[PDB]
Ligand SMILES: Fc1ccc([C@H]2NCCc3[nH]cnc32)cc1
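Given as structure tokens, the chain that follows is alone and in the form solved without this ligand.
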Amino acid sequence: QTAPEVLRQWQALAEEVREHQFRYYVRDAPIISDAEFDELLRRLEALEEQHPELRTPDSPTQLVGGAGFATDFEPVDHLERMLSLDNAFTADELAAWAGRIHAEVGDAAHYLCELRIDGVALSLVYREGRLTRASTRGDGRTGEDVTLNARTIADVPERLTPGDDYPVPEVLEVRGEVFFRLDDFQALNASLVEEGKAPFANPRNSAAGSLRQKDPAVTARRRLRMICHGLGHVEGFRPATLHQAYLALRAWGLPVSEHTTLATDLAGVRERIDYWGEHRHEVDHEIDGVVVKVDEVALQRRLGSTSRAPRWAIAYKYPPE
């Protein structure tokens, strides 16, 4: 019946209530019944009556009953630099990129291979198994805040899944690409034209437009998808290598692509690149390349991290036509 418990009760309740507000007005997918949700609000209202100090303009009860859900794209910092990637359009370049690697830091290096989904970058900051910030790439130190928009992608869990093999990290910042599916892209386009709205020229643009909405509910109606493909700052998770990292991601419920393979040498990499050149079309989303990452985390550190690029990864891009 004192300030310590009073503050605690309210904050816990506010967050619980605000989230149910957001899951009902935004999303159109509430996890609790309206019967229940109404009880929670009552409690918060009760405590608010008991203590008027808590009544504020930013409280769900005092000034915002179903409002206060907008995205202003406020600049926000990235915990770790989110760099872009060097590209390779010819085999010589790939070989050349992979000369430095095994000119220096020799052999222990395995090369993880992944598909290159040409979508929109997204950086999610997970704090204590909770999603607190979602941001765009921007310049690679600072991005735009799309917390609310990003909270609606079906593929992004709001909370990490606790697991024994992989304990939930304290601060997990994971990068990814938000994209459509080809079929869904067309459907959305036809929806827009029914509304007398201009359709999008390609899925990336659609990807992007759908994500950057001032009103997050708009973003909820559209079937945006997300893969996780990298990690930034992390506390309480020192994954030995990047392939093992994906194991943890899956354990926590984060989306991971199933076309990633591990290649011991350049020959294995080459095989994948030749393979994906002929089977790129078969995938449900746009794939314009193959990203080859020197996988061992330790080796990544030993290798450079140049201005606006990493030295331990090369993106082989296929010719458009």
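The numbering used is simple: start at 1 and walk along the sequence shown.
Below: the form solved in complex with this ligand, not depicted.
In the bound PDB entry, this ligand lies farther than 4.5 Å from every heavy atom of residue 255.
Although the partner is absent here, residue 34 sits close enough that one of its heavy atoms falls within 4.5 Å of this ligand in the bound PDB entry. At a distance threshold of 4.5 angstroms between non-hydrogen atoms, residue 311 is out of contact with this ligand in the bound PDB entry. In the bound PDB entry, at least one heavy atom of residue 24 sits within 4.5 Å of this ligand. For this ligand in the bound PDB entry, the listed stretch (24-32, 275-283, 261-269, 51-59) containing residues with heavy atoms inside 4.5 Å is 24-32.
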